[PDB]
There are 2 protein chains.
Amino acid sequence: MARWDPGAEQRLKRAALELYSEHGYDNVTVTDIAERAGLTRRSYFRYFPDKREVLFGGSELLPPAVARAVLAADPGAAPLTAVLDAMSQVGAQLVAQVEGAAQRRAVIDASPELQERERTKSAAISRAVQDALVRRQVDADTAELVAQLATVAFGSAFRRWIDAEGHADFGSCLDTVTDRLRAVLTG
Amino acid sequence: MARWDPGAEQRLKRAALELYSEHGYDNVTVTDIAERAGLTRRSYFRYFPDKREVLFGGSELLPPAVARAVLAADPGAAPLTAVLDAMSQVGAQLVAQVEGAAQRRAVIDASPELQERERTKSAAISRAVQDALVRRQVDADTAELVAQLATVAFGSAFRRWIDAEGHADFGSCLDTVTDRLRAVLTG
């Protein structure tokens with residue numbers, strides 16, 4: 001499907017954002033998305049199973065990937081830095097081009113189903129990170145706090161990154177969020 | 001329904017935990033829960049709309065209540081302390097008797113639908129806290145981090161509280177989690 005048309009998925013993801021933006025999430029079907037992308041309804045299902053996954057498909061972090069990146073980190077590094085670095089490395093593409101980032105955010109924030117959809121994803125990533133941390137001799141209770149904290153920090157930084165419309169590097173946004181989190185915890 | 005039977009809701013909540021424990025969540029109906037509690041199927045719906053809310057009904061934090069407690073706090077207190085204090089004050093009952101706490105946790109952890117159900121609740125509380133914080137002159141971006149951080153800290157502390165089977169006061173669990181979060185952020 002994409003071997004003879006490598007841009008297929010990208011066109012689908014872009015089409016989705018535009019259609020969800022023009023009309024509303026509830027007013028668009030996978031057929032509309034497929035055709036706007038120059039594909040048939042049947043082809044769509046080779047990439048995504050529903051009209052929801054087209055918003056996450058390749059604009060998310062895969063837990064196994066994040067876990068592996070955490071396992072590969074220098075065991076001497078602080079757990080939080082190791083985790084945030086792993087998330088940034090795995091989401092390098094994501095936090096690279098503000099292109100469509102804001103659109104996607106607007107669509108998700110406007111839909112309760114997509115919001116729950118995102119939380120479920122974040123939980124799975126957090127869980128994968130906990131398991132990797134434990135495999136690295138970090139006690140379970142601590143592993144849980146580090147993963148949850150990282151989830152909060154990365155999510156907030158990403159949001160800030162979107163609001164800066166590209167005028168701020170993801171790194172600075174992350175630095176700002178983590179320094180803020182530290183100030184709140186210490187005062 | 002409960003005016004002439006004030007223990008009704010409690011018996012329903014207890015019945016639910018026992019039935020969900022004996023059999024499984026997927027194998028119990030509201031009728032089973034109602035009867036085990038000495039009530040009819042019709043009476044159940046006066047308290048909860050489905051077999052899911054009986055697990056949250058009065059064993060959760062209501063966002064409006066938490067928000068109000070945050071608004072009533074001394075404006076001189078650190079935002080995180082104000083929020084955690086508000087959550088503890090509002091959830092005083094919750095973090096009081098380990099009775100059934102572990103059972104409820106086991107049922108929720110075993111069901112993806114209940115888990116999502118809880119996250120949705122946590123998100124709503126976090127959002128209510130953000131709005132209260134903003135009304136107290138805390139900038140939006142900071143308000144978001146404080147609410148999310150508090151959500152993480154309180155949830156983790158509660159879990160630890162459950163695991164201690166009552167041998168630890170919720171306060172210590174919270175102190176331990178927040179000190180741990182601080183150590184991870186500073187090193």
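Cβ: placed from backbone, ideal geometry, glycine included. Neighbour counts: every protein chain shown. No value in this document is a laboratory result; all are computed from the given coordinates.
For the stretch A:25-53, filtered to residues that are over 24 Å from the mean Cα position of the chain (by Cα) and of a type in the set (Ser, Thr, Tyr), the residue that is nearest to residue A:10 (Cα to Cα) is A:43.
Contact map, the stretch A:105-119: first residue closer than 9 Å to residue A:55 by Cβ, second residue of a type in the set (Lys, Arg), Cβ cut-off under 8 Å, separation 6 or more or different chains; pairs are A:108/A:117; A:114/A:52; A:117/A:52.
So which residues in the stretch A:60-89 are under 18 Å from residue A:120 (Cβ atoms) and of a type in the set (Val, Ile, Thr)? Correct list: A:66 only. Just to be sure, is residue A:85 within 13 Å of chain B (Cβ to nearest Cβ) and either more than 21 Å from residue A:56 (Cβ to Cβ) or touching a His at 6+ places or on another chain (Cβ under 8 Å) (or both)? The answer is no for residue A:85.
Results for (1) aliphatic (A, V, I, L, M); (2) free of Cβ contacts under 8 Å to residues at least 40 places away in the same chain; (3) more than 9 Å from chain A (Cβ to nearest Cβ), shown as yes or no for each residue.
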residue	(1), (2), (3)
B:93	no, yes, yes
B:147	yes, no, yes
B:153	yes, no, no
B:173	no, yes, yes
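Right, residue A:129: surrounded by 22 or more Cβ atoms within 10 Å (Cβ to Cβ), more than 10 Å from chain B (Cβ to nearest Cβ) and among the β-branched types (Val, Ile, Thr) or not? Answer is yes for this residue. Each residue in the stretch A:161-177 was checked for being assigned to a helix (DSSP H, G or I) and more than 13 Å from residue B:148 (Cβ to Cβ), and 10 pass.
Contact annotation: residue pairs with Cβ atoms under 7 Å, 6 or more positions apart or on different chains, pairing a residue in the stretch A:65-78 that is under 15 Å from residue A:138 (Cα atoms) with a partner that is of a type in the set (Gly, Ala, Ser) and part of a helix (DSSP H, G or I), are A:67/A:128; A:67/A:132; A:70/A:82; A:70/A:86; A:70/A:132; A:71/A:132; A:73/A:82; A:73/A:86.
Looking at the stretch B:134-145 only, could you name the residues that are assigned to a helix (DSSP H, G or I) and within 11 Å of chain A (Cβ to nearest Cβ)?
First pass over the stretch B:134-145, keeping only residues assigned to a helix (DSSP H, G or I): B:134-135, B:140-145.
Once the filter is applied, which keeps residues that are assigned to a helix (DSSP H, G or I) and within 11 Å of chain A (Cβ to nearest Cβ), the stretch B:134-145 yields B:140, B:141, B:142, B:143, B:144, B:145.
Among residues of the stretch B:8-28 that are more than 12 Å from residue B:39 (Cβ to Cβ), those with a Cβ under 6 angstrom from a residue that is of a type in the set (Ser, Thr, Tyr) and not in a helix (DSSP H, G or I), sequence gap 6+ or separate chain, pair up as B:25/B:111.
Could you please find all residues in the stretch A:155-171 being aliphatic (A, V, I, L, M) and either crowded, with 22+ Cβ neighbours inside 10 Å or within 11 Å of chain B (Cβ to nearest Cβ) (or both)?
Residue satisfying the conditions is A:157 alone.
If you go through the stretch B:28-44 and keep only what is of a type in the set (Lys, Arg) and surrounded by 17 or more Cβ atoms within 10 Å (Cβ to Cβ), you end up with just B:36.
Just give me the residues in the stretch B:110-124 being within 14 Å of chain A (Cβ to nearest Cβ), of a type outside the set (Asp, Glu) and out of contact with any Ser or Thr (no Cβ under 7 Å at 6 or more places or on another chain), in sequence order.
Within the stretch B:110-124, B:111, B:112, B:114, B:115, B:117, B:119, B:120, B:121, B:123, B:124 qualify.
Being more than 14 Å from chain B (Cβ to nearest Cβ) and part of a loop (DSSP other than H, G, I, E, B) is the requirement here; does residue A:107 meet it? For residue A:107, the condition - more than 14 Å from chain B (Cβ to nearest Cβ) and part of a loop (DSSP other than H, G, I, E, B) - is not met. If you go through the stretch B:70-104 and keep only what is part of a helix (DSSP H, G or I), among the small types (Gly, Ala, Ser) and farther than 22 Å from residue B:144 by Cβ, you end up with B:101, B:102.
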